[PDB]
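*Asks:* The structure under discussion is supplied below as structure tokens; questions concerning it will follow.
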Amino acid sequence: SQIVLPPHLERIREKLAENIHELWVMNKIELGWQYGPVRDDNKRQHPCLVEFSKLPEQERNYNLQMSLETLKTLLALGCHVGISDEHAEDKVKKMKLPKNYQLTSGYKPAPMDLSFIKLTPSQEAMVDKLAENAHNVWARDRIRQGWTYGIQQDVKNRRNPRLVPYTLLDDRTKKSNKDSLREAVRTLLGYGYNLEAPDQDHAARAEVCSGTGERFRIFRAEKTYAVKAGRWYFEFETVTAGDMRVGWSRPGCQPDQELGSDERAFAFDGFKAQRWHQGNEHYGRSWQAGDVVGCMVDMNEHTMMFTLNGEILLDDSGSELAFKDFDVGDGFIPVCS
Amino acid sequence: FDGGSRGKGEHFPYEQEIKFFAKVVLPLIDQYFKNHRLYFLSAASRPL
Amino acid sequence: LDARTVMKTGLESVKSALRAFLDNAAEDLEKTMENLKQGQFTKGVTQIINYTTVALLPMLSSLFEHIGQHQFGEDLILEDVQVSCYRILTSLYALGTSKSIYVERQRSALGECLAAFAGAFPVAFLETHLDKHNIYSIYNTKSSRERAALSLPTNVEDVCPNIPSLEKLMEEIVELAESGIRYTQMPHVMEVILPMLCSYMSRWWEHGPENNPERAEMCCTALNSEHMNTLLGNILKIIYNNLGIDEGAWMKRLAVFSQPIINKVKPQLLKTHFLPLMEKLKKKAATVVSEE
Ligand SMILES: Nc1ncnc2c1ncn2[C@@H]1O[C@H](COP(=O)(O)OP(=O)(O)OP(=O)(O)O)[C@@H](O)[C@H]1O
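Taken in sequence, the protein lines are chains R, X and F.
Residues in the first sequence are numbered consecutively from 1, following my numbering.
Residues in the second sequence are numbered consecutively from 1001, following my numbering.
Residues in the third sequence are numbered consecutively from 2001, following my numbering.
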């Protein structure tokens, strides 16, 4: 609502709307619909075959605002507006289609072929968001009509399986409207006004948000199983690769603090390839999905070792000791975050 | 300086200009770029 | 340097300047080699040679090491960049093979710059049998009309006539190994050929079918792990036959350029194959020569 149409986009826009309704009635003829008084699939006929003036003014109106709203979405997504030269637009490219493809309309069905224009990958990336926005517009319109999602379409209860997020939208209708949007934007650029794609933002959302306030869970053995002397081994299997920490913790370890942040835990974060005890250093490499981490503690000389699929993980230097020196204290138990 | 080096007069009007350049501008380039080497190589491949 | 972002987004004068950089470097070492080979008898030429050794060898070596180690540069090297690179390789290799007292001073700088070139250069120039398969090839990209328009030999062999073929290079290095000749007679082989062959095979390991058996005979280049075992074996035999005298840090240079090959070969292949060098370290304990 806040944005307005610049005069250049407007006086190219009336011709854009003409071309769009033309392409609509010709896609209507390759789908094969004919001219008739009433629209019906069995009769395979449709009154909107004639040009916009003879075409029902109601449908002419709807074509026109959906075109203008689409291009306002183009402008509102941050598309770099620009023109190569007005001569390119003044030299509109106007082939003839074959006689069989010719229709009742006196003018030609396809003045311009998609062949000589090669849309930029950034342009298809843009038209992806354009399809997202068009689908969302249709969806809110149906919600305000009163429709709601249902696996089976029912006109009585206003149920539609198509009222789903576009990521889950059906592939058939998805690609149909998607190719319609292909050709719409391709004609927009090829008619003369070469809109430049917006900046391809490489910023990663990082998925910082999580369910509830809890951000990690700490799994540990019972405090009574603490070991104060001897050599011990246990394994950690990483089903999925991500932010996990495995190691040995003292029985006083807090369940709400990260492992290794305090002095009560000795952990290895392979996601960042880091050891964790009162801070983080660089230790070992990263694990992948399915990797198994074996944790060794030698409570005789107070050393700790880690493995990744068998091979010893090593420090920044050549030392294999993750933690050379620590007090026995009250013992250690296996722990993971 | 190439023009004046072919000339007989080897007096350089911009001697302190090039003194500043060579002994300040050049080393700060090296230090800055070795300190932030990763900053340039990072090319939307998400390092750091 | 950041070749990706420069090539996809860059202002045209910067583009032209970055091609002109290595074009000027190319003509620099071309005139340098021409005037030094013409100068069999002894100040402008001396200034050019000094500038060459001081800067051109470090500039090209550092740039090309960066390109090779970061494995990118493919879109950086396009029309006229390839031909600049072929002129540079022809000159540097032809003079690293030719023997002169002037070269014998900075042989090693050449020995490490030529190796960096081999890693950075993206088209298989040792092999021409299946070279047409390689899409990056300026021959395939540039098309017949432009290849006729450009000052191109129109034959891949004619592009680099001085350089030898890879298969005869490794059979001759095997022959030299079994002959056991000293480093003194023909040093050039063991300071340039070995580094370039190891850097070449190291870059094109994954291009070879041994990593991707698919698209068979559509492979750009053909190479095998057994060829690598032969290479490592005859390198060890070179560092074997050549222990008595002459010592040399070129031991350490060839070891560091062969570090990739011995790292990427399997440990089971390391066993029973490289234990000779560990036991020779004891066998040459009385000797002063340094190995590995
Ligand atoms: N309000 C309307 N008045 C007249 N014709 C209409 C109207 N709405 C749609 N049409 C006609 O129907 C065609 C396509 O219908 P539309 O895209 O609105 O269907 P839909 O309800 O979204 O379909 P679906 O069953 O897949 O959910 C239009 O091109 C036009 O010819």
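Even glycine gets a Cβ: it sits at the ideal position worked out from N, Cα and C.
1) Helix, strand or coil: how does DSSP classify R/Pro334 here?
2) What are the residues that DSSP puts in a beta bridge with R/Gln34?
3) Rounded to a whole number of angstroms, what is the C-alpha to C-alpha distance between F/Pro2164 and F/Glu2157?
4) Rank R/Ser286, R/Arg182, R/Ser210 and R/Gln254 by C-alpha distance to the C-alpha of residue 370 of chain R and give the top, closest one.
5) Contact check, F/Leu2029 vs F/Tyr2102 under 8 Å by CB: the rounded distance?
6) If I'm right that R/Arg220 touches R/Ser249 with Cβ under 8 Å, what's the distance once you round it to whole angstroms?
7) What's the gap between the Cα of R/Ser337 and the Cα of R/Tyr283?
8) At what residues does the alpha helix (DSSP H) containing R/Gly247 begin and finish?
9) Give me, in chain order, the residues of the same chain whose beta-carbon lies closer than 6 Å to that of F/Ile2138; leave out the 5 immediate sequence neighbours on both sides.
10) Is F/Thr2005 close to chain X? Criterion is C-beta to C-beta, closer than 8 Å.
11) When every heavy atom of ligand 1 is checked, does at least one fall within less than 7 Å of the C-beta of R/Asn160?
12) Just to confirm the assignment, what range does the beta strand (DSSP E) spanning R/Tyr233 have?
13) Residues of chain X with a CB under 9 Å from the CB of F/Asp2075: which are they?
14) Output, in chain order, the set of chain F residues within a Cβ distance shorter than 8 Å of X/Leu1041.
15) Taking only three categories from DSSP, how would you classify R/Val293?
16) What is the DSSP secondary structure of X/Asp1030, counted as helix, strand or coil?
17) Where does the unbroken alpha helix (DSSP H) through residue 1049 of chain X begin, and where does it stop?
18) Using CA atoms only, rank isn't needed, just tell me which of R/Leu49, R/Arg186 and R/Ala241 is closest to R/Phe116.
19) Would you mind reading off the limits of the alpha helix (DSSP H) that contains R/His277?
20) Given R/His80, which residues of its chain have a CB within under 6 Å of its CB, disregarding the five upstream and five downstream residues?
21) Verify the contact flag: R/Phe266, CB atom, against every heavy atom of ligand 3, threshold strictly below 7 Å.
22) If you check the beta carbons only, do F/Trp2204 and F/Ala2116 fall under 8 Å apart?
23) Check for me: the alpha helix (DSSP H) holding X/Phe1040 runs from which residue to which?
24) With 16 as the cutoff for other CB atoms within 10 Å, does R/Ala125 come out buried or exposed?
25) Below 7 Å CB to CB, which residues in the same chain sit around R/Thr240 once its five sequence neighbours on both sides are set aside?
26) So, for R/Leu130: in the same chain, excluding its five sequence neighbours on each side, which residues have a beta-carbon less than 8 Å away from its beta-carbon?
27) Following a CB-centred definition, is R/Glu237 positioned closer than 7 Å to any heavy atom of ligand 1?
28) Hey, how far is the Cα of F/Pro2209 from the Cα of F/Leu2223?
29) On the criterion of 16 or more Cβ atoms from any shown chain inside 10 Å, does F/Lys2142 qualify as buried, or is it exposed?
30) To the nearest angstrom, how far is it from the Cα of R/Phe216 to the Cα of X/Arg1037?
31) Going by C-alpha to C-alpha distance, which of F/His2227, F/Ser2100 and F/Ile2067 sits closest to F/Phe2041?
32) When you measure from the CB of R/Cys336 to every non-hydrogen atom of ligand 1, does any distance come out below 7 Å?
*Replies:* The answer reads as follows:
1) Taking the first residue of the first sequence as 1, we reach residue 334 of chain R at position 334. The DSSP-derived three-state label of R/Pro334 is strand.
2) Taking the first residue of the first sequence as 1, we reach residue 34 of chain R at position 34. Looking at the DSSP assignment, R/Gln34 forms a beta bridge with R/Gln45.
3) Taking the first residue of the third sequence as 1, we reach residue 2164 of chain F at position 164. Taking the first residue of the third sequence as 1, we reach residue 2157 of chain F at position 157. The alpha-carbon atoms of F/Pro2164 and F/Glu2157 are separated by roughly 10 Å.
4) Shown here, chain R extends from 1 to 337; a query on residue 370 of chain R therefore has no answer.
5) By 1-based counting over the third sequence, the position of residue 2029 of chain F is 29. By 1-based counting over the third sequence, the position of residue 2102 of chain F is 102. Separation of the CB atoms of F/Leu2029 and F/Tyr2102 is rounded to 14 Å, and the pair is thereby denied contact status at 8 Å.
6) By 1-based counting over the first sequence, the position of residue 220 of chain R is 220. By 1-based counting over the first sequence, the position of residue 249 of chain R is 249. 6 Å between Cβ atoms; contact.
7) As a first step, residue 337 of chain R is located in the first sequence; it is residue number 337 there, counting from the start. As a first step, residue 283 of chain R is located in the first sequence; it is residue number 283 there, counting from the start. Distance between the alpha carbons of R/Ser337 and R/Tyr283: 17 Å.
8) Position 247 of the first sequence, counted from the start, is the residue given in the question as residue 247 of chain R. The continuous stretches of alpha helix (DSSP H) do not include R/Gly247, which lies in the beta strand (DSSP E) extending over residues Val246 to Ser249.
9) Position 138 of the third sequence holds residue 2138 of chain F. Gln2082, listed in sequence order.
10) As a working mapping, residue 2005 of chain F is identified with position 5 in the third sequence. So, interface residue.
11) Start at 1 with the first residue of the first sequence, and residue 160 of chain R comes out as number 160. True, at least one ligand heavy atom lies under 7 Å from that Cβ.
12) Indexing the first sequence from 1 puts residue 233 of chain R at position 233. In the DSSP annotation of this structure, the continuous segment of the beta strand (DSSP E) that includes R/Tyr233 starts and ends at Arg231 to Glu237.
13) By 1-based counting over the third sequence, the position of residue 2075 of chain F is 75. Near F/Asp2075 there are no residues of chain X at all, since even the closest Cβ is about 13 Å away, more than 9 Å.
14) For the purposes of this step, residue 1041 of chain X is taken as the residue at position 41 of the second sequence. Contact note: X/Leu1041 reaches chain F through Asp2002 and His2070, using a C-beta cutoff of 8 Å and chain order.
15) If you number the first sequence from 1, residue 293 of chain R lands on position 293. The answer is strand: DSSP assigns R/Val293 an E or B state.
16) Locating residue 1030 of chain X in the second sequence gives position 30, counting from the first residue. In the three-state reduction of the DSSP assignment, X/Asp1030 falls in the helix class.
17) Any question about residue 1049 of chain X goes unanswered here, given that chain X covers just 1001 to 1048.
18) The count along the first sequence starts at 1 and reaches residue 116 of chain R at position 116. R/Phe116 has its Cα closest to that of R/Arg186, out of R/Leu49, R/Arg186 and R/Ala241.
19) Working through the first sequence from its first residue, we reach residue 277 of chain R at position 277. Per DSSP, R/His277 lies in no alpha helix (DSSP H) and is assigned neither H nor E.
20) As a first step, residue 80 of chain R is located in the first sequence; it is residue number 80 there, counting from the start. Same-chain partners within the cutoff: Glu196.
21) With respect to ligand 3, the structure shown offers nothing to examine, as its ligands consist of ligand 1.
22) Taking the third sequence and counting its residues from 1, the one referred to as residue 2204 of chain F is at position 204. Taking the third sequence and counting its residues from 1, the one referred to as residue 2116 of chain F is at position 116. Going by C-beta atoms, F/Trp2204 is not nearer than 8 Å to F/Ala2116.
23) Working through the second sequence from its first residue, we reach residue 1040 of chain X at position 40. Looking at the DSSP string, the run of the alpha helix (DSSP H) that includes X/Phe1040 is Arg1037 to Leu1041.
24) On the first sequence, position 125 is the one that residue 125 of chain R refers to. The residue is exposed, with fewer than 16 neighbouring Cβ atoms inside 10 Å.
25) Numbered from its first residue, the first sequence carries residue 240 of chain R at position 240. Close CB contacts of R/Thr240 within its chain, under the 7 Å cut and outside five residues either way in sequence, are with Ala289 (chain order).
26) Against the first sequence, residue 130 of chain R aligns to sequence position 130. Excluding sequence neighbours, R/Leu130 sits near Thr70, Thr73, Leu74, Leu77, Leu181 and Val185.
27) Stepping through the first sequence from its first residue, residue 237 of chain R is reached at position 237. Checking the 7 Å criterion, the Cβ of R/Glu237 is out of range of every heavy atom belonging to ligand 1.
28) By 1-based counting over the third sequence, the position of residue 2209 of chain F is 209. By 1-based counting over the third sequence, the position of residue 2223 of chain F is 223. If you take the alpha carbons of F/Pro2209 and F/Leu2223, they lie about 7 Å apart.
29) As a working mapping, residue 2142 of chain F is identified with position 142 in the third sequence. With a 10 Å radius around the Cβ and a threshold of 16 neighbouring Cβ atoms, F/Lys2142 comes out buried.
30) In the first sequence, counting from the first residue as 1, residue 216 of chain R sits at position 216. In the second sequence, counting from the first residue as 1, residue 1037 of chain X sits at position 37. If I take the Cα positions, the gap works out to 34 Å.
31) Here the question's residue 2041 of chain F lines up with position 41 in the third sequence. Looking only at F/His2227, F/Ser2100 and F/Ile2067, the smallest Cα-Cα distance to F/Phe2041 is reached by F/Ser2100.
32) Within the first sequence, residue 336 of chain R is the residue found at index 336, counting from 1. No, Cβ of R/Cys336 sits at least 7 Å from all heavy atoms of ligand 1.
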